[PDB]
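Participant: Structure in structure tokens, see below.
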Amino acid sequence: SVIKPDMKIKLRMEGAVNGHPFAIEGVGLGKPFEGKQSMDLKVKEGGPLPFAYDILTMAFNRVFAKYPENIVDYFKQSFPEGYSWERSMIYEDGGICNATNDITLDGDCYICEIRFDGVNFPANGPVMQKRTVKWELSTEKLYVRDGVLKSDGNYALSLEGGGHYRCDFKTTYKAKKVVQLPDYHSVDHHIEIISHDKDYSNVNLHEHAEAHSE
């Protein structure tokens, strides 16, 4: 009924990094059952962003994930009511970001309200000096605790010249109604900035995600 092969995305993000506030809006399309999506993002407030844009892209919805039939799909069941998530991201040099997302459905469009706040990134680190290039393949491990869905991952940005910059994700997902809870599974995420402006005021973002079990 509710989940169609082609859906739209409309999103706004408001946040701050190291005290510098900003606002981004996005428009996109995705195929939920194939686990693919794309969106065009425009910076609307916050000058030219002074930090590496890669710290944001995982914040810009696990309904866009190919789930096989032997894994319970916590996310596609949760609609039309929807779900929210809460996330903390801890980088190996002390920068920490918190984020929230409230995802509702309206017609064939997902509406996303995102808040993002990062602090304590050093001035000579790869985020403030924009020395990140892309995220490696990311494996999210999802499990259940106290009746909500949690997930961990240990991800890595590659850096210009080689080497990697490590970040640990912790997410809590909360469906806005009772749904059936899955078993321990994992989701592989491929995130790619396909095209960007000079100072990243216009970014075209793509993600591909599939779930796996045994």
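For the structure tokens, the naming scheme is as follows: chains receive sequential letters (A, B, ...) according to their order of presentation, residues are indexed from 1 within each chain, and ligands are indexed from 1 in presentation order.
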DSSP on the backbone, then: every residue of segment 18-86 of chain A marked helix (DSSP H, G or I), written as a ChimeraX atom specification.

Facilitator: /A:54-57,74-77

Participant: Tell me, as a ChimeraX atom specification, which residues lie within 8 Å of segment 74-89 of chain A, counting only C-alpha atoms; anything in the same chain fewer than 5 positions away does not count.

Facilitator: /A:2-3,62-63,96-105,167-182

Participant: Would you mind telling me which residue in A:158, A:199, A:92, A:209 lies nearest to residue 139 of chain A when using only C-alpha atoms?

Facilitator: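 Of A:158, A:199, A:92, A:209, the one nearest residue 139 of chain A is A:209, counting only C-alpha atoms.
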
Participant: From the options A:144, A:193, A:71, A:49, which residue's atoms come nearest to residue 127 of chain A, counting only C-alpha atoms?

Facilitator: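 Residue with the minimum atom-to-atom distance to residue 127 of chain A: A:49.
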
Participant: Find, counting only C-alpha atoms, the residue in A:203, A:94, A:52, A:111 that gets nearest to residue 159 of chain A.

Facilitator: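 Among the listed residues, A:52 lies closest to residue 159 of chain A.
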
Participant: Using only C-alpha atoms, which protein or nucleic acid residues come within 10 Å of segment 116-125 of chain A? Drop anything in the same chain fewer than 4 positions from it, and give the result as a ChimeraX atom specification.

Facilitator: /A:13-23,51,55-56,59,87-91,93-101,129-132,165

Participant: Mind writing the picked residues with C-alpha atoms as a PDB file, in the first residue's frame?

Facilitator:
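Ended up saving to result_30.pdb:
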```pdb
ATOM      1  CA  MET A  13      18.880  20.337   7.918  1.00  0.00           C
ATOM      2  CA  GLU A  14      19.742  22.971  10.519  1.00  0.00           C
ATOM      3  CA  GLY A  15      22.906  22.677  12.504  1.00  0.00           C
ATOM      4  CA  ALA A  16      26.221  24.000  13.698  1.00  0.00           C
ATOM      5  CA  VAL A  17      29.820  22.815  13.544  1.00  0.00           C
ATOM      6  CA  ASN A  18      32.261  24.321  16.067  1.00  0.00           C
ATOM      7  CA  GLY A  19      29.695  27.027  16.741  1.00  0.00           C
ATOM      8  CA  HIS A  20      29.189  28.050  13.080  1.00  0.00           C
ATOM      9  CA  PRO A  21      25.476  27.543  12.246  1.00  0.00           C
ATOM     10  CA  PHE A  22      24.123  26.651   8.797  1.00  0.00           C
ATOM     11  CA  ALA A  23      21.091  25.334   6.919  1.00  0.00           C
ATOM     12  CA  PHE A  51      34.251  22.147   7.221  1.00  0.00           C
ATOM     13  CA  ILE A  55      30.662  14.734   7.888  1.00  0.00           C
ATOM     14  CA  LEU A  56      27.062  15.441   6.840  1.00  0.00           C
ATOM     15  CA  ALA A  59      22.717  12.342   7.962  1.00  0.00           C
ATOM     16  CA  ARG A  87      22.763   9.423  16.323  1.00  0.00           C
ATOM     17  CA  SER A  88      26.155  10.232  17.753  1.00  0.00           C
ATOM     18  CA  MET A  89      29.334  10.123  15.686  1.00  0.00           C
ATOM     19  CA  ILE A  90      32.706  10.084  17.470  1.00  0.00           C
ATOM     20  CA  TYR A  91      35.822  10.788  15.397  1.00  0.00           C
ATOM     21  CA  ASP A  93      40.664  13.019  17.033  1.00  0.00           C
ATOM     22  CA  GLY A  94      37.912  14.202  19.409  1.00  0.00           C
ATOM     23  CA  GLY A  95      35.317  15.808  17.163  1.00  0.00           C
ATOM     24  CA  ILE A  96      31.828  14.623  18.087  1.00  0.00           C
ATOM     25  CA  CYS A  97      28.602  15.141  16.113  1.00  0.00           C
ATOM     26  CA  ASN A  98      25.043  14.551  17.350  1.00  0.00           C
ATOM     27  CA  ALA A  99      22.114  14.336  14.987  1.00  0.00           C
ATOM     28  CA  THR A 100      18.363  13.719  14.927  1.00  0.00           C
ATOM     29  CA  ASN A 101      15.966  13.049  12.075  1.00  0.00           C
ATOM     30  CA  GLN A 129      41.090  21.682   6.645  1.00  0.00           C
ATOM     31  CA  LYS A 130      38.883  19.759   4.161  1.00  0.00           C
ATOM     32  CA  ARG A 131      41.290  16.895   3.495  1.00  0.00           C
ATOM     33  CA  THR A 132      38.674  14.092   3.245  1.00  0.00           C
ATOM     34  CA  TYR A 165      40.208   8.939   9.420  1.00  0.00           C
TER      35      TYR A 165
END
```

Participant: Hey, can you check how far atom CA of residue 196 of chain A sits from atom CA of residue 26 of chain A?

Facilitator: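 Result for atom CA of residue 196 of chain A versus atom CA of residue 26 of chain A: 13.5 Å, one decimal.
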
Participant: In Å to one decimal, how far is atom CA of residue 27 of chain A from atom CA of residue 10 of chain A?

Facilitator: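 Rounded to one decimal, the two atoms are 4.8 Å apart.
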
Participant: Report as a compact mmCIF listing (two decimals) with N, CA and C atoms, in the first residue's frame all protein, DNA and RNA residues lying within 9 Å of residue 201 of chain A, evaluated on only C-alpha atoms, omitting residues in the same chain fewer than 5 positions from it.

Facilitator:
```
# COMPACT_ATOMS: atom_id res chain seq x y z
N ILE A 24 20.75 23.60 5.28
CA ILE A 24 20.81 22.94 3.99
C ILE A 24 19.43 22.37 3.71
N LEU A 41 21.31 18.92 -3.01
CA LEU A 41 21.36 19.66 -1.75
C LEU A 41 21.86 21.07 -2.01
N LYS A 42 21.19 22.06 -1.43
CA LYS A 42 21.57 23.46 -1.54
C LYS A 42 21.84 23.99 -0.15
N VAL A 43 23.00 24.61 0.04
CA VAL A 43 23.24 25.39 1.26
C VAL A 43 22.43 26.68 1.18
N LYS A 44 21.64 26.95 2.21
CA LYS A 44 20.80 28.14 2.22
C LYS A 44 21.26 29.19 3.21
N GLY A 47 27.13 30.75 5.02
CA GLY A 47 28.29 31.13 4.23
C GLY A 47 28.67 29.95 3.38
N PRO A 48 29.89 29.96 2.84
CA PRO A 48 30.47 28.71 2.31
C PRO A 48 30.95 27.87 3.48
N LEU A 49 30.51 26.61 3.52
CA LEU A 49 30.72 25.78 4.70
C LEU A 49 32.22 25.64 4.98
N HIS A 196 29.73 18.15 -7.20
CA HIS A 196 29.59 19.26 -6.29
C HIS A 196 30.11 20.54 -6.92
```

Participant: Using only C-alpha atoms, which of A:184, A:110, A:33, A:143 sits nearest residue 66 of chain A?

Facilitator: A:33
